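# Structural features, examined
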Amino acid sequence: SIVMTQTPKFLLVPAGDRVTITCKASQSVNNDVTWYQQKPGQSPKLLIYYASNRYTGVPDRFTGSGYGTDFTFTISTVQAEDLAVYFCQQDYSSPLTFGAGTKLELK
Amino acid sequence: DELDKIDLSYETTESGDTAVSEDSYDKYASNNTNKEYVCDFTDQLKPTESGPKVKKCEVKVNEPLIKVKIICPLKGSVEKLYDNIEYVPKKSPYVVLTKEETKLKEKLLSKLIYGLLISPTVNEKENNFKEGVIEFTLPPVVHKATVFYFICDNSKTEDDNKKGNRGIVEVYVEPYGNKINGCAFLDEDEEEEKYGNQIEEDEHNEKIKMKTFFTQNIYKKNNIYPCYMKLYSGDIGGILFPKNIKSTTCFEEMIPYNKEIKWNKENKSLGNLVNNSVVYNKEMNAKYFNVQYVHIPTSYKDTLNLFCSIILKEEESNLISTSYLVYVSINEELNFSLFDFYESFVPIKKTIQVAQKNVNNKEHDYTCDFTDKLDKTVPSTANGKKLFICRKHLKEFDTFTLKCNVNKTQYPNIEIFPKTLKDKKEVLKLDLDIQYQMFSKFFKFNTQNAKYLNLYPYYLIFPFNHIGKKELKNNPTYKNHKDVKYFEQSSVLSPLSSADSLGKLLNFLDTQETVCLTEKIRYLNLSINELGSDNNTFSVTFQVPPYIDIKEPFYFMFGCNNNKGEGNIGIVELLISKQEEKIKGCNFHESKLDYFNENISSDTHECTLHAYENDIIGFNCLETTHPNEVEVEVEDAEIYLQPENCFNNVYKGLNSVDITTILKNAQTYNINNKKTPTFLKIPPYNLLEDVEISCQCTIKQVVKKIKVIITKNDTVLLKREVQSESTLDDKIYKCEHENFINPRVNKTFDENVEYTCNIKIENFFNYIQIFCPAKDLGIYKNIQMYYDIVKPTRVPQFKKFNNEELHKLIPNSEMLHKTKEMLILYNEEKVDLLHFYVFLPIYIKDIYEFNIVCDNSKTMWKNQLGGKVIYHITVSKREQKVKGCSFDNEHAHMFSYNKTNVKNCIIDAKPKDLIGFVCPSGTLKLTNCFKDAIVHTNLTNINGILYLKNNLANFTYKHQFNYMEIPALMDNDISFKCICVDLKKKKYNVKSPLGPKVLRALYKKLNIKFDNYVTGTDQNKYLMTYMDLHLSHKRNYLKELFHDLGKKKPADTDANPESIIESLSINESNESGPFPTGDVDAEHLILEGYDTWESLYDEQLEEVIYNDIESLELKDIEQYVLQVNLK
Amino acid sequence: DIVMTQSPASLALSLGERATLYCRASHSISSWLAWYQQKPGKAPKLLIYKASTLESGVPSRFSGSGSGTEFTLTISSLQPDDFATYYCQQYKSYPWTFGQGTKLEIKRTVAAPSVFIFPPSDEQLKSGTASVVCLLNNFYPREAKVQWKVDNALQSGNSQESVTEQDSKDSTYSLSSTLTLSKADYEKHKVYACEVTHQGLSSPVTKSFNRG
Amino acid sequence: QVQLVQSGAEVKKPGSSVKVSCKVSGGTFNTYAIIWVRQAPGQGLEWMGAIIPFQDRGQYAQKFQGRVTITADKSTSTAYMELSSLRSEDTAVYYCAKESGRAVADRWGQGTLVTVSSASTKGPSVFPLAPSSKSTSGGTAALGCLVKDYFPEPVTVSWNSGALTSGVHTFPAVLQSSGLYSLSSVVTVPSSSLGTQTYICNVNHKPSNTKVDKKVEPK
């Protein structure tokens, strides 16, 4: 099956600074990639679908880019409430595979 | 008459005077009970409160041969509840109300819908609303939708506060059906239309409608062929009788053929002959359409042949009537069997049946059950044992099931043949060599068209079966066949009885070669159940693969034998033929598939396809065993296929959905022993939307995905033009896909595919290969050859293509046929008659642009349709005046010397020169002069002397125009002559090259000796020889047989046509026996191999010429000689 | 084609009065004529679908008549919802046609105009174009004549007019006249005036200002 | 029950093509004809063509050939029209109708508006028509606003967000030689209220998505 590799596993960024999370695939997936964000004690929330489009109601500070094999998730200005763990997901061929996840921390 | 008196516009609306609009119309259809749309207006138009409410009867017709009945109560039917009723239109079994603009106008239903079956009498009463009941029957095929109305108004009916309603009938007809399987006796002579339809500027008249409705059309004059009507279970046929008909016995007073069991009964009725069959328009009553229709019930499974006759008015002079005999066939599948062409199996009494549609109501399921046919008959039956045979021609995705009882309580010790069928899944393979030779002589069949067998006309079995029987007996070619003991003659001292025939039949089954069904045809799903759940029945079931990868059709039997239990014997006859060569599938594996349209490279991971009705989609992700690979028993690789089944349940994204939810009752094919590939045949569906379905496979940890686009546009693509460039293969212009002229499956997008070939000529040795055979019965019935000119003059008129027409376009050019001769001493030559090659001279005057078109697409069938190929030819300018002499004034333009009436011509030639030779018009060519040249009054082969090899001299020695190139090096000065012999008495039309018999006689008279001649040693080569354009010496045996049969008038009045047909026999003297005369080395094998061997020398004219030469003397012989000096 | 010579062009009436419409034809035609009602901003609604019959829901005061070369539609009395523009259509032949249409004016009472003038604003002066608007507020009848004078010199061709629909509240409908000139010419001239002539005015009313 | 629905108004450049969508809901679709009529504002209506859906062969007016096209699609119960090679004077309202079996068109659609002027999208310029500022007063004053240089129609004008609707007249737009529309909106208010009341005019031009609020005060 198609396997996501998501780096860096632990990412540290000061409040109000831009942060980027990378994702790499094993084969061409065109544009079927999605990004999820999860708080502790809360269910994951979808932010980016089609790997470059914000979902309805997502704040403008969340953006995504990439095509084919390398995909990136970027936050323009991290907030104090953005402490969460981010996952990537491919939606090209079943079974759908989730990324290892990346944790974002404030200094 | 009252049938047609349309002279009133009668502008009226649907609601009439009522204010009710169409929103509140009481719309309810006519009742449906045993194929009868009836909406009787009884009690629905009576005066009542809450009205007038418009009542509308909607008759929607989408089935053939439909009966429509309408009833309106008369005045005074019930006391004071029907007074003042009005009927619109007054003439409404025939005249109908139609809708133009926003009004309702009267029109003739016959004009709107052709073939309407008006019944002037209904229940012994008149057919009109004046009786109150109207009746008519619709035809079985309708070209375009038609809507018409009837009105039964009761608005003027009232009773104090009550008022009547208004009745409307709306009949809605949709197109259905293609054509009627029958005859169309026309009032016009035979005519051939041009390849283009642009000459259809005339209006849409009625005459054109008539010719496009029946599969066969017979003209009033110059007819050569009697009609042959073939029907099928659940099919419809019909006959259009001539306007001058006097009598007809083609219905009711009909005649069976089978003499083996007939009791000399005179006439029998189709209703009695075929149970549950119904005949339409028995009395032949209609305004204009003198037609009758017949429907054969689906449950019918018997085979039966019938004759009938048609008699015309006015006869010929006083009482000589030129009546027609037309043949009726109801069920004959795979009839070309060895149980008819072998006389030893004639005595056994059999019952020939076809495989009916299965009870499960699946359209492509065929079943034969012999449970009630293998019973131990009563001993009082003096006839003896019986043979029950099923015949059936299978196609792609067809499922055949054999059902057989093996219960020991009823049928002890029953034997299943083959004895290896239960264990090794083997069946009795048979050879089809006899059929090929028989078809070649009669139908001009070629062995390369084996895959299209059983499509040729069924004339060889009926009515002309005796001809086939005599052919095997008389011709020595079948004397050494391994089955000659079976089709040999019997004798009074060694007769064959019913028991004797059974013994030979058992021997015949035991000696035929046995081949496993699965190994013979791959991707075939076969399931054998030794004993069913009922513990009584043995069943064999299989489904035809989606693609038949066999060079020739597979022809076999199997079944059950109950001889030991004194029972009957069951036999099933099956044939398999290829339908289409390409499958639109995606192959993601390294090993390519020749029958897969799209092979995807390893670098590409996705594949997209467009699907449409009747199309086959494939999907392969595993290995395939080519003949270059050694087959071994290896387990299938762990292919990760999602879903587990690919095409019965398909991915529409992330969720799995069954294919039947997307496609209306789809047919899917898988392999039991192989995980992949999987196939789907697209059924007729109403889901016009562009829907996406997909499968996926994991090959070497890499996911491969296939995408299929299912589409059905509101309008099919008008045309699909594919252009290809000609390729040079050993100095011959050849075009790929030239075999597209052959029939193809009637797929939705393949109906209007046209192939164009581009040919450019800028060098000599210009041979244009054109595969365009002469029109013949069966696969090439409607082949026409036409051409048009583009440059320098754009000719607006299409013209037929022939040798004379080609000569006018390009002077001194020829059409030539390929010859593969091995030794000139033979009386017959190896010729490929399917291809004819165009040869043009060096002197191409200017740029000539023209197209050569054959339009075999006019040949259409139920499942396959013919091809169409266009040859676009362009020629480059040349100005080479070949050296030669113009003996006649007609040859002046070709040569630079005005040698008119110059009998002795001398040319001094040097290397790097070209010399051409022509004889004067209609004069005998003495020698080739390039392969056999006269040197010092001695015939010598200058090819060896001049060391010529594959030059112009060797390739053009047998043409009307012979050219030669002088070799670069020569040993010494050499002089040779070329002579034409002209006889002063008469002018001879030399249509074929002169044979050695005539040539030797000329040599003796002209004092020419040949004693040191040496033949060539060329091998695996080719030569062009001229023979007209289509051979008229290959006599059509069938045409002569029918012509002689027509002279005898087989059916005038109780003429017993069976005896007349049997007495009809072709004289064997018309044929020269086996063409391979003499001793044949047979070592010259290449490519196609042993092609047709026909004689080229026209014996009749040669005999006249041979006699003339002996009688004539020197004074009456004139010589035209070309002398060539080489230094 | 069949011509629809519908007459008259307009009708001025009050509540309770009688209105009689007419629609003639080029040649004699047996029935097959329909009348369509349409207020400004409405779809043409069918009221009479034959020679004299009426559609469901059409009020009873409508009554059609006539045949041949002449047809007549008579309305016995007008109600507040009966004023619109009416058309007549023939369909005896496929090429249908419609008439010029008839107008139903509310009330008949002459009222003089209220004339107002407006000088261009400084914001528009910066754009290089100056516009002067004259307002004729609540007149009756509609045939009011407006002329523009600049420094007592007549200005024509450089002005446009627009008229509102008649309102039943007080038989009111205004007309807007606008004068367009470049900013450079607005400075060269000082006196700008507009003259209004109307039936209800004994003498023309002039509004003017001195700005430039 | 039967109702007709048509597409929205559209603006096209000269030489282009415009398509009008028509749908028939209720009743039945196949066996009744659907007709088309257009009308230039201020003039009589013009008939164009009709079609019966069960037959794709439609017929048009003798004067209009080629440019007008009418087609029917029974699968979606629609009667789309395609008009090609547009030219000036084509700016008119287009109407659709069908016959209810009484030989006359009984139901008509909501209609469509077509514009063909060579101009393009542009936003209006709003200027104030301030009331005559003088000491005369007397409870009789008129004030308004000027809408100029916009294209195409429509533009909506409201006063005080839909307040004091008595005496406010919105004038129909006029076409200038430059190809841009223009109109004025006025309202009559008491003169003594100028110093104690504020009047605001709201202008909304949907084609250009331009919304402007302009205050009117004495100069």
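The deposited coordinates derive from cryo-EM, with the record listing a resolution of 3.6 Å.

If you check the PDB entry, chain D appears there as LMIV230-01 Heavy Chain from Homo sapiens.

Identification of chain B as Gametocyte surface protein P230 from Plasmodium falciparum 3D7 is taken from the PDB entry.

### Quick notes on the interface of chain C and chain D
The extent of an interface is frequently quoted as the accessible surface area lost upon association of the parts. Taken together, the contacts link 46 residues of chain C with 41 residues of chain D. Overall, the association of chain C and chain D removes approximately 3,700 Å² of surface from exposure, summing both partners, and the carbon and sulfur fraction of that is 62%. At the boundary of chain C with chain D, the tally comes to 3 salt bridges. In this structure, the salt-bridge partner of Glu-123 of chain C is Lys-214 of chain D, at a minimum N-O distance of 3.1 Å. Where chain C packs against chain D, one counts 12 residue pairs in polar contact. Where the side of chain C that touches chain D is concerned, the elements lending two or more residues are β4 (33-38), β5 (45-48), β10 (114-118), α1 (122-125), β11 (129-137), β14 (159-163) and β15 (175-182) of chain C. Ranked by residues supplied to the side of chain C that touches chain D, first place goes to β11 of chain C with 5 residues. The residue inventory of the side of chain C that touches chain D, partitioned by class, reads 23 nonpolar, 17 polar and 6 charged.

### Notes on the pairing of strand β12 (residues 112-115) of chain D
All names here are of chain D. Both strand β2 (residues 10-11) and β12 contribute to a ladder of 2 bridges, which runs parallel. Bridge pairing in β12 places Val-11 opposite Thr-115. Two elements, strand β10 (residues 92-99) and β12, share 3 bridges in a ladder whose sense is antiparallel. For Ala-92, the partnering residue across the bridge sits in β12 and is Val-114.

### Remarks on the sheet that holds strand β17 (residues 181-184) of chain B
All names here are of chain B. With mixed pairing, 4 strands are arranged side by side in an open sheet as β17-β19-β23-β22. At either margin of the open sheet sits one strand with a lone partner, and together these are β17 and β22 (278-280). In this sheet, adjacent strand axes meet at a mean angle of 15 degrees when their direction is disregarded. Pairing of β17 with strand β19 (residues 236-240), which is carried by 4 bridges, proceeds in the parallel orientation. The residue bridging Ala-184 from the neighbouring strand is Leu-240, located in β19.

### Some thoughts on the UniProt feature "disulfide bond" in chain B
Residues and elements named next belong to chain B. Look at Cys-72 and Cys-152: UniProt has them disulfide-bonded, and their sulfurs are 2.0 Å apart, which fits a closed bridge. Placement of the pair is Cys-72 in the loop between β5 (67-71) and β6 (86-88) and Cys-152 in strand β13 (residues 146-153), with a sequence separation of 80 residues. No difference in accessibility class separates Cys-72 from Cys-152, as the two residues are buried. Between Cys-885 and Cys-905 the annotated UniProt disulfide holds up in this structure, with the two sulfurs at 2.0 Å. A residue pair is termed long-range when its members are at least 10 positions apart, and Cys-885 in the loop between β61 (869-875) and β62 (904-909) and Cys-905 in strand β62 qualify at 20 residues. Here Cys-885 falls in the buried class, since its relative accessible area comes to 3%. Assessed through its relative accessible area of 2%, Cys-905 is described here as buried.

### Brief notes about the arrangement of the chains
The protein chains that touch form 4 pairs of chains, and the pair with the most contacts between them is chains C and D. Separating chain A from chain C is a minimum C-alpha gap of 38 Å, and the two share no contact. The smallest C-alpha distance separating chain A from chain D is 23 Å, and no contact links them.

### Quick look at the sheet that holds strand β7 (residues 62-67) of chain A
Residues and elements named next belong to chain A. As summarised here, the arrangement of the 4 strands in space is β1-β3-β8-β7, forming an open sheet in which the pairing is antiparallel. Strand pairing shows two members of the sheet lacking a second neighbour, β1 (5-7) and β7, which therefore form its edges. Geometrically, the sheet is characterised by an average inter-axis angle of 15 degrees between neighbouring strands, direction not taken into account. Relative to strand β8 (residues 70-75), β7 runs antiparallel, the two sharing 6 bridges.

Here is what the cut-offs are and how they apply
- Residues numbered from 1 in each chain as written, not as in the entry; some residues may be left out.
- Chains lettered and ligands numbered in written order.
- Part of a larger assembly, values for the part shown.
- Heavy atoms only, no water.
- Contact = heavy atoms within 4.5 Å.
- Buried area = accessible area lost by both parts, 1.4 Å probe.
- Salt bridge = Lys/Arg side-chain N within 4 Å of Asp/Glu carboxyl O.
- Polar contact = N/O pair within 3.5 Å; in protein donor to acceptor, adjacent residues only side chain to side chain.
- Helix = DSSP H or I, 4+ residues; strand = E, 2+ residues; numbered from the N terminus.
- Nonpolar A, V, L, I, M, F, W, Y, C, P; charged D, E, K, R; others polar.
- Pairing = 2+ DSSP bridges.
- Axes fitted to C-alpha atoms, helices over the stretch in contact; angles between N-to-C directions.
- Disulfide = S-S within 2.5 Å.
- UniProt positions renumbered as here; feature names shortened; annotations may be inferred.
- Buried < 20%, exposed > 50% of the residue type's maximum accessible area, 1.4 Å probe, protein only.

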